[PDB]
Amino acid sequence: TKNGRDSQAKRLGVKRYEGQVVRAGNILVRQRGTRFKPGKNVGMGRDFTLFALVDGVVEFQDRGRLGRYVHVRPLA
Amino acid sequence: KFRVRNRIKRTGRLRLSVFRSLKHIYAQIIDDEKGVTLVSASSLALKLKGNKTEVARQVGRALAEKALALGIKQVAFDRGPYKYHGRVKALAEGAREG
Amino acid sequence: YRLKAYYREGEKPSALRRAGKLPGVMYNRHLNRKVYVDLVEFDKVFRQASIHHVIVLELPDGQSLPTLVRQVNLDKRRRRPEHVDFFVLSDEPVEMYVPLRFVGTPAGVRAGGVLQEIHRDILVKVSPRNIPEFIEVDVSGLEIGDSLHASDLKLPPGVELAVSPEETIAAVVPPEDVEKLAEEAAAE
Amino acid sequence: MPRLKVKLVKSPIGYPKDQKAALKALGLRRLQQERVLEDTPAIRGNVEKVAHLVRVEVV
Amino acid sequence: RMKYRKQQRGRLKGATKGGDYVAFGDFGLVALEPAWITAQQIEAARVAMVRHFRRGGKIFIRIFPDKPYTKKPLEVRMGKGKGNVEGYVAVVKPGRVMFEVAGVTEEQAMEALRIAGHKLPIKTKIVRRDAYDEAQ
RNA sequence: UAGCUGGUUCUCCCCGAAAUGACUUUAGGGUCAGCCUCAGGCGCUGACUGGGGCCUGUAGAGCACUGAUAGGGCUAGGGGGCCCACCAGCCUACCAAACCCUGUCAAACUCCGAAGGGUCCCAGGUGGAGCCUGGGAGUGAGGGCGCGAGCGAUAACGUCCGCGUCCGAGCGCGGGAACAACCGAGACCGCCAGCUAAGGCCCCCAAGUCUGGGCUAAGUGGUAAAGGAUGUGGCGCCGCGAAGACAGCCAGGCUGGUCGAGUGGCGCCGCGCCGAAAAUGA
RNA sequence: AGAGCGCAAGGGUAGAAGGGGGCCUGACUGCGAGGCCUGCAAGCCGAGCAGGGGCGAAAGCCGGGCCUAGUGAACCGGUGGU
RNA sequence: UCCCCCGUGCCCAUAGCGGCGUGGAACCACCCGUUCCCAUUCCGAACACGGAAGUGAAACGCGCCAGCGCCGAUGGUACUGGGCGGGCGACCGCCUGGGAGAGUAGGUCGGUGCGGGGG
Ligand SMILES: [Mg+2]
Ligand SMILES: [Mg+2]
Ligand SMILES: [Mg+2]
Ligand SMILES: [Mg+2]
Ligand SMILES: [Mg+2]
Ligand SMILES: [Mg+2]
Ligand SMILES: [Mg+2]
Ligand SMILES: [Mg+2]
Ligand SMILES: [Mg+2]
Ligand SMILES: [Mg+2]
Ligand SMILES: [Mg+2]
Ligand SMILES: [Mg+2]
Ligand SMILES: [Mg+2]
Ligand SMILES: [Mg+2]
Ligand SMILES: [Mg+2]
Ligand SMILES: [Mg+2]
Ligand SMILES: [Mg+2]
Ligand SMILES: [Mg+2]
Ligand SMILES: [Mg+2]
Ligand SMILES: [Mg+2]
Ligand SMILES: [Mg+2]
Ligand SMILES: [Mg+2]
Ligand SMILES: [Mg+2]
Ligand SMILES: [Mg+2]
Ligand SMILES: [Mg+2]
Ligand SMILES: [Mg+2]
Ligand SMILES: [Mg+2]
Ligand SMILES: [Mg+2]
Ligand SMILES: [Mg+2]
Ligand SMILES: [Mg+2]
Ligand SMILES: [Mg+2]
Ligand SMILES: [Mg+2]
Ligand SMILES: [Mg+2]
Ligand SMILES: [Mg+2]
Ligand SMILES: [Mg+2]
Ligand SMILES: [Mg+2]
Ligand SMILES: [Mg+2]
Ligand SMILES: [Mg+2]
Ligand SMILES: [Mg+2]
Ligand SMILES: [Mg+2]
Ligand SMILES: [Mg+2]
Ligand SMILES: [Mg+2]
Ligand SMILES: [Mg+2]
Ligand SMILES: [Mg+2]
Ligand SMILES: [Mg+2]
Ligand SMILES: [Mg+2]
Ligand SMILES: [Mg+2]
Ligand SMILES: [Mg+2]
Ligand SMILES: [Mg+2]
Ligand SMILES: [Mg+2]
Ligand SMILES: [Mg+2]
Ligand SMILES: [Mg+2]
Ligand SMILES: [Mg+2]
Ligand SMILES: [Mg+2]
Ligand SMILES: [Mg+2]
Ligand SMILES: [Mg+2]
Ligand SMILES: [Mg+2]
Ligand SMILES: [Mg+2]
Ligand SMILES: [Mg+2]
């Protein structure tokens, strides 16, 4: 045939879940676009990687129209 | 439009929402992340005369004097739907004057 | 028509059916209650009954109820009724599929042709007093090639058609035979 | 939470790995073996999973 | 037709969606067993129908072969099947209503439909219309 | 030289695999990881479970997208007939875009969407649990069964993955006639004790020729289909019937009588019948 | 939002990542808390610190391009430098 | 406290689409004009400044209808962790805990913050 070809698995998804402590920089979610959005103490980078901006717990916001966000609710 | 507002809010704190009517020029200093305004140095529907630019500058010193007596200092400026240039301009401009 | 209802609570919906009682439910803007007619009976009732004529339903509450079958879930795999929706009427206008009796033999069917009958019934907004045991259809001037729509109905007094005013009701399609066993063979 | 008296009556040789761990969690080693435990949700949780293996009794 | 080339086999689960109610003509023919029915099978019945009752009513065929059916050519294992020898089939679960006639007598249809189920590779029952629908 | 084949010797005790991933002039060889074991650490963290949050796009469903599709409608385009170039007009059981309606299909479609699964928190869980650093490994041909898919032919004791399991290493014990992996059950030693498991309780063969209610007359059971049939029993509905029916018998072309009580057809369930030809003796 | 987003497909997307403008070269140097991913080697994301800059009034944004391909250990050697 | 307006966030269509109505005192819009600041690949359409008079027509604000849209049970089923049963097989069935989609009933022309002007 002319098939049987493919690209190695990219292991993407939500890396931290709601209610996990995390340090600064922790990748929070790896993603195909903005399947999720940044938000509170949560930056994002070239690939759309979301990541903690300060240690603290993670939470997930649904906002319909506006899309889904992820934040760290800091504390120490 | 209002793209700007999104860009500002991201920064963190202390938006100065400069609204401006054809005869007026209000101005809130809104602390988002709770949905409350801190100071509210309006203008035409407040007290001051009728000359616009000189009015804006005067209402600039409005929020100014009103602010420090509370704590504010982050110039964080909602250059609202109106492009910063004149009335809006002078506004924050006076808020800087003191 | 009339059929003896019963009340239902905890009983295993499935264990019921083995007994013979087709479970169901009566509900309307104010009412919603678990029940279960009897199957052998519901058959006979609903055979003629269906969802045109109303059925008043008797509970051991004596209460005669002014309802008709809103919908019935049939079980796939050899037809049978699963359970029954019973819309309690009151008096305010209510929508419902009222029949259609197509009367007369059209120009089509005569010169060979076929009774195509898109809607063997139609949905109309109406109050319970008007249970128009049917509607007439002047199907007779119809020809193979022609079709009577919705905007062409003998509407009884006080009744308003709920469907789109342009839906087709029936039509007259050609027969079908061997001028299409030769031609349908090689040509394709 | 009265006592639960679980006995093992059907052998686990051939049930899922978990189900064996279940019995290890409850503390059943051998067959036809008695074992009494507090009716907490956790004990229940496992005792349920091996339901087809044990015979429970309330004590 | 269209779409793309060849397609998995899949299984034939419970009779689920596979089934319903007469929905045009007077009488119906319904599937008891699950099956891939071939176009050459449909069409085989279709004709057997009319050819039986000439200048006849209207036969509605409500099953349709969108499944392309592969088949390697007497060799061994290299790649997917050339396929398509039996071309296409219709996935048909227990209870599906394949054909129904209209414009006919009870004994016209009780025949036509009878013959057809013969042409089919499956066990089938014939149907009326009782009342069973959805309305009020 | 031999990445190959063969052979490798006393005893008892504890634990106990793998036949997978990655790379490999690699594919029956290896290196690191995975799984086994030993020593020194740490100490409730371990599998499994309860509650709690988050994350998901399958089964199912659905047609809102991408496409597919049968019938009909309305409806541009085309082909054909009237008419003639003042080009338009009109018809059209012809093919048919878009559109609507009824009806549907899809691994690479989804407006939806389960059970479940993953993870973190709190809790139970002291187990041949768990983590950490080290010594020694073998394994890197697996197979079958169940479930979910691909391939295949919805063939193969086929093949290729996934979850699980057993054989592997439990060809130790019971059952299944016999039989690695189906059913039961994890064999430390001994007993001329007892309860059981699966499976059985007429004889070979241990234990009921046990009790009660049915069904079947084929040796069915003792294991083959589409389809066929006044098998048999059980239930449901329609047609004529004591105003005389069905069956025959007398007369005429349904009618009459006579007889005198049921008769004809459909439908569903149980058990059965046919379809049913192979080579050493059943 | 079915377009566009250089190119495949996909996920994302106008409350722009798309079209047009004005000024510009951060297609920076020195680094790098902390993670994703993973046998190894490799690949990936990245706040922030310093230096000196760019656009902006400013909050701020810039360590190339909506993202995910556009590649090659080590040896040996070429050129330029401290 | 209450009522209307103005700026602005939160819920994410039960806010919306479309239709009738209404408010100009205030507030806001449209509005007068293009000299100044400032502006268009052409235009004072848009941005911008200075501002009589006029207007609520457009816009927007508030209401009122349910045609579209959107939300949408309950009951039942599909499916299905776990546990099983029959049959010779594609498959079919029960126990147990979970349980849709679609469809009916139905709802819906919003809910609510903080601040400001006005009775
Ligand atoms: Mg591959
Ligand atoms: Mg960055
Ligand atoms: Mg980028
Ligand atoms: Mg960058
Ligand atoms: Mg708020
Ligand atoms: Mg015509
Ligand atoms: Mg309606
Ligand atoms: Mg077993
Ligand atoms: Mg324990
Ligand atoms: Mg057949
Ligand atoms: Mg051991
Ligand atoms: Mg080989
Ligand atoms: Mg070798
Ligand atoms: Mg843990
Ligand atoms: Mg549709
Ligand atoms: Mg047509
Ligand atoms: Mg047509
Ligand atoms: Mg001609
Ligand atoms: Mg179309
Ligand atoms: Mg839904
Ligand atoms: Mg669950
Ligand atoms: Mg769960
Ligand atoms: Mg201990
Ligand atoms: Mg190897
Ligand atoms: Mg096989
Ligand atoms: Mg085998
Ligand atoms: Mg073992
Ligand atoms: Mg004996
Ligand atoms: Mg006996
Ligand atoms: Mg006896
Ligand atoms: Mg018998
Ligand atoms: Mg037959
Ligand atoms: Mg048979
Ligand atoms: Mg018979
Ligand atoms: Mg029946
Ligand atoms: Mg530029
Ligand atoms: Mg690092
Ligand atoms: Mg790092
Ligand atoms: Mg940085
Ligand atoms: Mg700097
Ligand atoms: Mg400097
Ligand atoms: Mg940026
Ligand atoms: Mg760009
Ligand atoms: Mg070398
Ligand atoms: Mg070299
Ligand atoms: Mg060179
Ligand atoms: Mg108006
Ligand atoms: Mg008015
Ligand atoms: Mg006025
Ligand atoms: Mg000038
Ligand atoms: Mg108006
Ligand atoms: Mg109101
Ligand atoms: Mg909707
Ligand atoms: Mg809806
Ligand atoms: Mg629902
Ligand atoms: Mg629903
Ligand atoms: Mg508000
Ligand atoms: Mg509001
Ligand atoms: Mg007053």
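Residues numbered from 1 in each chain as written, not as in the entry; some residues may be left out. Chains lettered and ligands numbered in written order. Part of a larger assembly, values for the part shown. Heavy atoms only, no water.

This deposited entry lists X-ray crystallography as its structure determination method and 3.4000 Å as its resolution.

Chain D has the name 50S ribosomal protein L30 in the PDB entry, where Thermus thermophilus is given as its organism. Reading the Subunit entry of the UniProt record for chain D gives the comment "Part of the 50S ribosomal subunit." Recorded in UniProt under Sequence similarities, the annotation for chain D is "Belongs to the universal ribosomal protein uL30 family." (UniProt positions renumbered as here; feature names shortened; annotations may be inferred.)

Looking at the PDB entry, one finds chain B named 50S ribosomal protein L18, with Thermus thermophilus as its source organism. The Function field of the UniProt record for chain B holds the comment "This is one of the proteins that bind and probably mediate the attachment of the 5S RNA into the large ribosomal subunit, where it forms part of the central protuberance." Under the UniProt heading Sequence similarities, the entry covering chain B gives this text: "Belongs to the universal ribosomal protein uL18 family."

Considerations on the arrangement of the chains
The top pair by number of contacts, from a total of three pairs of chains in contact, is chains C and E. There is no contact between chain A and chain C; across them, the least C-alpha separation is 31 Å. Of all C-alpha pairs spanning chain B and chain D, none lies closer than 41 Å, and the two are not in contact. (Contact = heavy atoms within 4.5 Å.)

Observations regarding the protein's contact with RNA strand H
Around RNA strand H lies a shell of 59 residues, among which A:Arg65, B:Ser21, B:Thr53, C:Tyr27 and C:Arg70 are the nearest. Per the 4 Å cut-off to the protein, sugar and phosphate atoms form 80% of the nearby atoms of RNA strand H. Between RNA strand H and the protein, one listed contact pairs a phosphate oxygen with a backbone N or O atom of B:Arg87 at 2.8 Å. Between RNA strand H and C:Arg18, the relevant distance is 3.4 Å, taken from a phosphate oxygen to a side-chain nitrogen or oxygen of the residue. Counting residues per element, the ones that place at least two in the surface near RNA strand H are α1 (3–11), β2 (28–31) and β3 (36–40) of chain B together with α1 (13–19), β2 (23–28), β3 (31–36), β5 (64–74) and β6 (81–88) of chain C. Residue contributions to the surface near RNA strand H peak at four residues, all from β6(C). (Near = heavy atom within 4 Å. Polar contact = N/O pair within 3.5 Å; in protein donor to acceptor, adjacent residues only side chain to side chain. Helix = DSSP H or I, 4+ residues; strand = E, 2+ residues; numbered from the N terminus.)

A word on the packing of helix α1 (residues 39–52) of chain E against helix α2 (residues 106–119) of chain E
Residue and element names in this part refer to chain E. Axis separation between α1 and α2 bottoms out at 8 Å; the angle between their running directions is 150°. The angle between α1 and α2 places the two elements in the roughly antiparallel class. The handedness of the crossing between α1 and α2 is right-handed. For the pair α1 and α2, the contacting residues are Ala 44, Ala 45, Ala 48, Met 49 and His 52 in the first and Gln 108, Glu 111, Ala 112, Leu 113, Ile 115, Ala 116 and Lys 119 in the second. (Axes fitted to C-alpha atoms, helices over the stretch in contact; angles between N-to-C directions. Parallel < 35°, antiparallel > 145°, perpendicular 65-115°, else oblique. Left-handed = near helix turned anticlockwise from the far one by under 90°.)

Some remarks on α1(E)
Taking 1.5 Å per residue as the helical rise, α1(E) with its 14 residues ought to reach 20 Å, and the 19 Å between its terminal C-alpha atoms agrees with that figure. For α1(E), every residue scored as buried is listed here: E:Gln41, E:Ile42, E:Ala45, E:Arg46, E:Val47, E:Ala48, E:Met49 and E:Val50. Summarising the contacts, the buried residues of α1(E) are in contact with α4 (183–186) of chain C together with β2 (35–38), β3 (58–61), β6 (97–102) and α2 of chain E. Capping of α1(E) at its N-terminal end is provided by E:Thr38; its side-chain oxygen lies 2.9 Å from the backbone amide nitrogen of E:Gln40. (Expected span 1.5 Å × (residues − 1). Buried < 20%, exposed > 50% of the residue type's maximum accessible area, 1.4 Å probe, protein only.)

A look at the sheet that holds β3(C)
Residue and element names in this part refer to chain C. The six strands lie next to each other as β1-β4-β5-β6-β2-β3, forming an open sheet whose pairing is mixed. Looking at the sheet topology across the chains shown, the edges are occupied by β1 (2–4) and β3. For this sheet, the mean angle separating the axes of adjacent strands, direction not counted, is 35°. Here seven bridges tie β5 to β6, and the two strands are oriented antiparallel to one another. Directly across from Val 72, in β6, lies its bridge partner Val 84. (Pairing = 2+ DSSP bridges.)

A look at the protein's contact with RNA strand F
Of all residues adjacent to RNA strand F, which total 73 residues, the nearest are D:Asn46, E:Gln8, E:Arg9, E:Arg11 and E:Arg96. Put simply, 77% of the atoms of RNA strand F that lie within 4 Å of the protein are in sugar or phosphate. Backbone polar atom of A:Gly19 to a sugar or linking oxygen of RNA strand F: 3.3 Å apart, as the coordinates give it. Of all the secondary structure elements, the ones that give two or more residues to the surface near RNA strand F are α1 (17–26) and α2 (41–49) of chain D together with β3 of chain E. Here the surface near RNA strand F takes seven residues from α1(D), the largest share from any one element.

Some words on the environment of B:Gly86
All names here are of chain B. Among the secondary structure elements, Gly 86 is positioned in the loop between β4 (77–78) and α3 (87–97). A residue is classified by how much of its surface remains accessible, and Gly 86, at 16% relative accessible area, is buried. Residues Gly 86 and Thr 53, spaced 33 residues apart in sequence, show a C-alpha to C-alpha distance of 6.8 Å.

Some points on the packing of aromatic side chains
All told, the structure shown has 11 aromatic pairs over all chains when counted by the stated rule. Ring centres of B:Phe77 and B:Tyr84 lie 6.1 Å apart, and the angle between their planes is 90°; on these two criteria the pair is classed as edge-to-face. Taking the relative accessible area as the measure of exposure, B:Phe77 reaches 16% and is therefore buried. Residues C:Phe42 and C:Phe86 carry aromatic rings whose centres are separated by 6.3 Å and whose planes lie at 45° to one another, so their mutual orientation is tilted. (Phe/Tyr/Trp six-rings, centres within 6.5 Å; stacked < 30°, edge-to-face > 60°.)

A look at the side chain of C:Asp85
Residue and element names in this part refer to chain C. One can find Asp 85 in strand β6. Buried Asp 85, no salt bridge; nearest opposite-charge side chain is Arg 70, N-O distance 7.8 Å. One polar contact links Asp 85 to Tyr 27, side chain to side chain, over a distance of 2.7 Å. With residues up to four places along the chain from it excluded, the contact list for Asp 85 reads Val 25, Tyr 27, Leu 68, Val 69, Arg 70 and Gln 71. (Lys, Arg positive; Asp, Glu negative; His and termini not counted. Salt bridge = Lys/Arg side-chain N within 4 Å of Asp/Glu carboxyl O.)

A word on the interface of chain E and chain C
Residue-level contacts link 33 residues of chain E with 33 residues of chain C. When the area that chain E buries against chain C is broken down by residue, the three leading residues are E:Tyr132, E:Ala135 and E:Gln136, summing to 32%. On the surface where chain E and chain C come into contact, there are four salt bridges. The closest approach of N and O atoms between C:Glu184 and E:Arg46, which form a salt bridge, is 3.1 Å. One can count 10 residue pairs in polar contact joining chain E with chain C. Looking at the side of chain E that touches chain C, the elements with two or more residues in it are α1, β3 and β7 (124–127) of chain E. (Buried area = accessible area lost by both parts, 1.4 Å probe.)

With respect to a positive patch on the surface
Where like charges cluster on the molecular surface, the positive patch consists of E:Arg5, E:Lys6, E:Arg9, E:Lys80 and E:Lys82. Summarising the element assignment, E:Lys6 is placed in the segment before β1 (27–31). (Patch = residues over 30% accessible without salt bridge, like charges linked within 9 Å, V, L, I, M, F, W, Y side chains within 5 Å. Areas by Shrake-Rupley, 256 points an atom, 1.4 Å probe, with all protein chains shown as cover. Charge placed at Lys NZ, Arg CZ, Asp CG, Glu CD.)

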